[PDB]
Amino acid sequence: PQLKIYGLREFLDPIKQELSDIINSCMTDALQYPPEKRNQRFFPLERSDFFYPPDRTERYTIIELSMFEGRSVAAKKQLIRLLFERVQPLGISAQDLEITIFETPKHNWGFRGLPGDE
């Protein structure tokens, strides 16, 4: 599973390392992936590139997650709830977090030299 994290540079860079491990812990606890399978890409944005809603603050953060289809709604909902709860101490409140999950068949993936369904 691949993660992409977006946020203003000035507020995402100080917390980049701890946020990485916390997101990885949610991947392990809600979806049972081994901790060493961490796949994250961060995109710190300048203020002129980030047009977020005015109801939110400069700490507004977006996580996009691509993974196999076939997991239940309950597990995907558990992951969303873990992400909201565990980013709180980083200064990212529920209003300042947004998550989107995309699911594709395993035969659309390739890793370690074979299609995903193989």
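The numbering used is simple: start at 1 and walk along the sequence shown.
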Which is higher on average in the deposited entry, the C-alpha temperature factors of 4-12 or of 107-115? 107-115
Quick check: 29-37 versus 86-94, which has the larger average CA B-factor in the record? 29-37
So where's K77 on the chain's Cα temperature factor ranking, which third? middle
Per the entry's values, where does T57 land by CA temperature factor relative to the rest of its chain, in the lowest, middle or highest third? highest
